[PDB]
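Here's entry03.cif, which has mmCIF, N, CA and C atoms:
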data_structure
loop_
_atom_site.group_PDB
_atom_site.id
_atom_site.type_symbol
_atom_site.label_atom_id
_atom_site.label_comp_id
_atom_site.auth_asym_id
_atom_site.auth_seq_id
_atom_site.Cartn_x
_atom_site.Cartn_y
_atom_site.Cartn_z
ATOM 1 N N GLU A 1 126.159 208.093 119.372
ATOM 2 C CA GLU A 1 125.888 209.343 118.616
ATOM 3 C C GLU A 1 124.371 209.503 118.440
ATOM 4 N N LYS A 2 123.818 210.404 119.217
ATOM 5 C CA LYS A 2 122.347 210.653 119.138
ATOM 6 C C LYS A 2 122.153 211.574 117.948
ATOM 7 N N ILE A 3 121.054 211.369 117.279
ATOM 8 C CA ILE A 3 120.740 212.196 116.089
ATOM 9 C C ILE A 3 119.587 213.145 116.394
ATOM 10 N N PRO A 4 119.557 214.253 115.687
ATOM 11 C CA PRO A 4 118.454 215.227 115.802
ATOM 12 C C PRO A 4 117.223 214.619 115.136
ATOM 13 N N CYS A 5 116.117 215.218 115.460
ATOM 14 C CA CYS A 5 114.790 214.787 114.938
ATOM 15 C C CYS A 5 114.358 215.849 113.932
ATOM 16 N N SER A 6 113.366 215.550 113.139
ATOM 17 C CA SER A 6 112.888 216.553 112.135
ATOM 18 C C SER A 6 111.482 216.945 112.597
ATOM 19 N N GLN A 7 110.795 217.710 111.782
ATOM 20 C CA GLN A 7 109.396 218.171 112.104
ATOM 21 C C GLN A 7 108.630 217.091 112.909
ATOM 22 N N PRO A 8 107.963 217.438 113.990
ATOM 23 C CA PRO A 8 107.241 216.431 114.824
ATOM 24 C C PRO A 8 106.100 215.800 113.993
ATOM 25 N N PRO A 9 105.623 214.642 114.396
ATOM 26 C CA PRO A 9 104.530 213.930 113.668
ATOM 27 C C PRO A 9 103.223 214.747 113.668
ATOM 28 N N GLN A 10 102.223 214.229 113.001
ATOM 29 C CA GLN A 10 100.900 214.932 112.932
ATOM 30 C C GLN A 10 99.807 213.967 113.414
ATOM 31 N N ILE A 11 98.815 214.495 114.096
ATOM 32 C CA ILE A 11 97.692 213.648 114.621
ATOM 33 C C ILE A 11 96.290 214.226 114.340
ATOM 34 N N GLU A 12 95.655 213.694 113.318
ATOM 35 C CA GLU A 12 94.272 214.099 112.860
ATOM 36 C C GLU A 12 93.519 215.111 113.740
ATOM 37 N N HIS A 13 93.239 216.268 113.183
ATOM 38 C CA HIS A 13 92.500 217.381 113.883
ATOM 39 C C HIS A 13 93.421 218.284 114.703
ATOM 40 N N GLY A 14 94.311 217.671 115.449
ATOM 41 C CA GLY A 14 95.256 218.454 116.300
ATOM 42 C C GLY A 14 96.658 218.494 115.693
ATOM 43 N N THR A 15 97.437 219.396 116.232
ATOM 44 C CA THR A 15 98.847 219.604 115.777
ATOM 45 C C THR A 15 99.740 219.887 116.987
ATOM 46 N N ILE A 16 101.007 220.063 116.714
ATOM 47 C CA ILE A 16 101.989 220.349 117.803
ATOM 48 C C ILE A 16 101.786 221.829 118.214
ATOM 49 N N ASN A 17 102.207 222.168 119.406
ATOM 50 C CA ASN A 17 102.063 223.576 119.912
ATOM 51 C C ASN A 17 103.430 224.112 120.376
ATOM 52 N N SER A 18 104.350 224.112 119.445
ATOM 53 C CA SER A 18 105.747 224.591 119.702
ATOM 54 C C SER A 18 105.882 226.075 119.319
ATOM 55 N N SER A 19 105.347 226.371 118.157
ATOM 56 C CA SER A 19 105.309 227.725 117.495
ATOM 57 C C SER A 19 105.563 227.484 115.989
ATOM 58 N N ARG A 20 104.779 226.552 115.501
ATOM 59 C CA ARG A 20 104.761 226.068 114.076
ATOM 60 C C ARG A 20 106.102 225.976 113.321
ATOM 61 N N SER A 21 106.635 227.104 112.916
ATOM 62 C CA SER A 21 107.931 227.121 112.172
ATOM 63 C C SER A 21 108.949 228.043 112.845
ATOM 64 N N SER A 22 109.832 227.392 113.548
ATOM 65 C CA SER A 22 110.930 228.065 114.295
ATOM 66 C C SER A 22 112.206 227.448 113.714
ATOM 67 N N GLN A 23 112.250 226.147 113.839
ATOM 68 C CA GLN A 23 113.378 225.314 113.349
ATOM 69 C C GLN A 23 112.785 224.284 112.380
ATOM 70 N N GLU A 24 113.650 223.450 111.874
ATOM 71 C CA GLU A 24 113.241 222.378 110.916
ATOM 72 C C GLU A 24 113.504 221.062 111.645
ATOM 73 N N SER A 25 114.634 221.062 112.305
ATOM 74 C CA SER A 25 115.102 219.892 113.095
ATOM 75 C C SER A 25 115.194 220.313 114.574
ATOM 76 N N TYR A 26 115.157 219.318 115.418
ATOM 77 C CA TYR A 26 115.234 219.482 116.908
ATOM 78 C C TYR A 26 116.344 218.539 117.382
ATOM 79 N N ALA A 27 116.693 218.590 118.642
ATOM 80 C CA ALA A 27 117.777 217.682 119.146
ATOM 81 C C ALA A 27 117.175 216.492 119.889
ATOM 82 N N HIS A 28 118.036 215.564 120.218
ATOM 83 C CA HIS A 28 117.586 214.343 120.951
ATOM 84 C C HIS A 28 117.315 214.741 122.406
ATOM 85 N N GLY A 29 116.196 214.292 122.911
ATOM 86 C CA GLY A 29 115.809 214.604 124.311
ATOM 87 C C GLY A 29 114.568 215.488 124.289
ATOM 88 N N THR A 30 114.556 216.396 123.335
ATOM 89 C CA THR A 30 113.424 217.370 123.154
ATOM 90 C C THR A 30 112.057 216.785 123.535
ATOM 91 N N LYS A 31 111.296 217.560 124.266
ATOM 92 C CA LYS A 31 109.937 217.131 124.711
ATOM 93 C C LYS A 31 108.984 218.267 124.314
ATOM 94 N N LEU A 32 108.182 218.020 123.314
ATOM 95 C CA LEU A 32 107.207 219.053 122.834
ATOM 96 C C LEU A 32 105.827 218.618 123.327
ATOM 97 N N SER A 33 104.900 219.538 123.432
ATOM 98 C CA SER A 33 103.532 219.156 123.909
ATOM 99 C C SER A 33 102.588 219.175 122.708
ATOM 100 N N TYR A 34 101.365 218.750 122.909
ATOM 101 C CA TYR A 34 100.405 218.741 121.757
ATOM 102 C C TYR A 34 99.145 219.557 122.085
ATOM 103 N N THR A 35 98.386 219.879 121.060
ATOM 104 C CA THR A 35 97.121 220.665 121.240
ATOM 105 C C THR A 35 96.076 220.243 120.195
ATOM 106 N N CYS A 36 94.829 220.274 120.601
ATOM 107 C CA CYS A 36 93.697 219.894 119.699
ATOM 108 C C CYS A 36 92.795 221.116 119.484
ATOM 109 N N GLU A 37 91.970 221.040 118.466
ATOM 110 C CA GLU A 37 91.028 222.158 118.140
ATOM 111 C C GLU A 37 90.208 222.650 119.345
ATOM 112 N N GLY A 38 89.543 223.759 119.150
ATOM 113 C CA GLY A 38 88.709 224.357 120.237
ATOM 114 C C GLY A 38 87.401 223.590 120.459
ATOM 115 N N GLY A 39 87.514 222.528 121.217
ATOM 116 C CA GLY A 39 86.342 221.659 121.545
ATOM 117 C C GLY A 39 86.661 220.162 121.447
ATOM 118 N N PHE A 40 87.929 219.833 121.497
ATOM 119 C CA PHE A 40 88.373 218.400 121.422
ATOM 120 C C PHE A 40 89.103 218.098 122.729
ATOM 121 N N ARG A 41 89.046 216.858 123.143
ATOM 122 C CA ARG A 41 89.722 216.440 124.403
ATOM 123 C C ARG A 41 90.907 215.591 123.939
ATOM 124 N N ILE A 42 92.004 215.647 124.639
ATOM 125 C CA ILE A 42 93.189 214.832 124.222
ATOM 126 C C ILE A 42 93.342 213.702 125.239
ATOM 127 N N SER A 43 93.894 212.610 124.779
ATOM 128 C CA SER A 43 94.103 211.442 125.682
ATOM 129 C C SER A 43 95.173 211.846 126.717
ATOM 130 N N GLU A 44 95.313 211.051 127.750
ATOM 131 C CA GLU A 44 96.313 211.314 128.841
ATOM 132 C C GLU A 44 97.627 211.969 128.359
ATOM 133 N N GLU A 45 98.192 212.778 129.223
ATOM 134 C CA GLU A 45 99.472 213.527 128.967
ATOM 135 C C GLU A 45 99.708 213.954 127.500
ATOM 136 N N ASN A 46 99.410 215.199 127.204
ATOM 137 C CA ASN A 46 99.611 215.687 125.802
ATOM 138 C C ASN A 46 101.070 216.103 125.524
ATOM 139 N N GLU A 47 101.904 215.101 125.380
ATOM 140 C CA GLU A 47 103.351 215.346 125.102
ATOM 141 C C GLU A 47 103.958 214.247 124.225
ATOM 142 N N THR A 48 104.964 214.650 123.495
ATOM 143 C CA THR A 48 105.711 213.745 122.576
ATOM 144 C C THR A 48 107.196 214.031 122.829
ATOM 145 N N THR A 49 107.981 212.989 122.837
ATOM 146 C CA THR A 49 109.452 213.131 123.077
ATOM 147 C C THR A 49 110.233 212.522 121.919
ATOM 148 N N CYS A 50 111.457 212.971 121.786
ATOM 149 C CA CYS A 50 112.348 212.462 120.704
ATOM 150 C C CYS A 50 113.506 211.627 121.263
ATOM 151 N N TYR A 51 113.722 210.558 120.549
ATOM 152 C CA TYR A 51 114.775 209.539 120.825
ATOM 153 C C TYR A 51 115.416 209.316 119.458
ATOM 154 N N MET A 52 116.723 209.200 119.407
ATOM 155 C CA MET A 52 117.472 208.986 118.117
ATOM 156 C C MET A 52 116.678 209.428 116.858
ATOM 157 N N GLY A 53 116.636 210.730 116.719
ATOM 158 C CA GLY A 53 115.943 211.447 115.603
ATOM 159 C C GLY A 53 114.566 210.924 115.166
ATOM 160 N N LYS A 54 113.845 210.388 116.112
ATOM 161 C CA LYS A 54 112.478 209.833 115.874
ATOM 162 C C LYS A 54 111.634 210.335 117.055
ATOM 163 N N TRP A 55 110.342 210.454 116.895
ATOM 164 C CA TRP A 55 109.491 210.935 118.026
ATOM 165 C C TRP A 55 108.738 209.732 118.604
ATOM 166 N N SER A 56 108.004 209.957 119.665
ATOM 167 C CA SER A 56 107.239 208.841 120.304
ATOM 168 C C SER A 56 105.727 208.962 120.088
ATOM 169 N N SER A 57 105.139 207.797 119.931
ATOM 170 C CA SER A 57 103.670 207.590 119.706
ATOM 171 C C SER A 57 102.785 208.743 120.231
ATOM 172 N N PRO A 58 102.555 209.766 119.433
ATOM 173 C CA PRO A 58 101.930 211.030 119.916
ATOM 174 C C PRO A 58 100.500 210.734 120.419
ATOM 175 N N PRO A 59 99.975 211.554 121.302
ATOM 176 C CA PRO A 59 98.583 211.389 121.807
ATOM 177 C C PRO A 59 97.617 211.669 120.653
ATOM 178 N N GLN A 60 96.352 211.440 120.877
ATOM 179 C CA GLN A 60 95.356 211.697 119.793
ATOM 180 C C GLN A 60 94.237 212.553 120.389
ATOM 181 N N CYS A 61 93.492 213.168 119.506
ATOM 182 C CA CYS A 61 92.360 214.046 119.914
ATOM 183 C C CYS A 61 91.026 213.320 119.677
ATOM 184 N N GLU A 62 90.231 213.309 120.709
ATOM 185 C CA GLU A 62 88.887 212.667 120.697
ATOM 186 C C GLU A 62 87.896 213.821 121.032
#
Target encoding structure tokens, full file:
Amino acid sequence: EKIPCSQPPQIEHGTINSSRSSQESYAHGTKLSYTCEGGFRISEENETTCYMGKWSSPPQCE
């Protein structure tokens, strides 16, 4: 029984780029991408995925 995930994690300076408030929870499998401020570089592959209602170690903005 896979569980849904809740609001994606947060990473200093940058945030998720889904469309802020659409839903509250997401389903298992979901793959959202990330975005940083206008002038920040993000580490390799700007994406986060969900596994059993938890997300994966999100990228960071440098």
Give me, as a Markdown table, the closest atom pair and its distance (Å, one decimal) for every residue of stretch 17-44 of chain A within a cut-off of 6 Å of stretch 53-60 of chain A, counting all atoms listed in the file, rows sorted by chain and rising number.
| residue | atom | partner | partner_atom | distance |
| --- | --- | --- | --- | --- |
| A:28 | CA | A:53 | N | 5.6 |
| A:41 | C | A:60 | C | 5.7 |
| A:42 | CA | A:60 | C | 4.6 |
| A:43 | N | A:60 | C | 4.4 |
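Of the residues under consideration (A:40, A:27, A:35, A:45), A:27 shows the shortest atom-to-atom contact distance to residue A:2 when counting only N, CA and C atoms.
Here atom CA of residue A:46 is placed at a distance of 20.3 Å from atom CA of residue A:22.
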Quiz item: atom C of residue A:34 and atom C of residue A:18, how far apart in Å?
Solution: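 Between atom C of residue A:18 and atom C of residue A:34 the gap is 9.8 Å.
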Self-check item: Interatomic distance, atom N of residue A:23 to atom CA of residue A:49 (Å, one decimal)
Solution: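 Atom-to-atom, atom N of residue A:23 to atom CA of residue A:49, that is 16.2 Å.
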Quiz item: Which one of A:50, A:11, A:3, A:16 sits closest to residue A:29 if you count only C-alpha atoms?
Solution: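 Distance minimum relative to residue A:29 lands on A:50.
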Exercise. Select, from A:61, A:52, A:1, A:33, the residue with the minimum atom-to-atom distance to residue A:13, counting all atoms listed in the file.
Key: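 Comparing A:61, A:52, A:1, A:33 against residue A:13, the winner is A:61.
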As lines of an AutoDock Vina configuration file, please report the centre and edge lengths, rounded to one decimal in Å, of the axis-aligned box that holds all listed atoms of stretch 16-26 of chain A with 8 Å of padding on each of the six sides.
center_x = 108.7
center_y = 223.3
center_z = 115.6
size_x = 31.3
size_y = 25.5
size_z = 25.5
Quiz item: Taking the file as shown, what set of residues would the PyMOL selection byres ((chain A and resi 7) around 6.5) give back, as JSON, numbers by chain?
Solution: {"A": [5, 6, 8, 9, 24, 25, 26]}
Quiz prompt | In chain A, DSSP strand (DSSP E) residues written as a VMD selection string | solution = chain A and resid 5 to 6 15 to 16 25 to 26 31 to 35 47 to 51 54 to 55
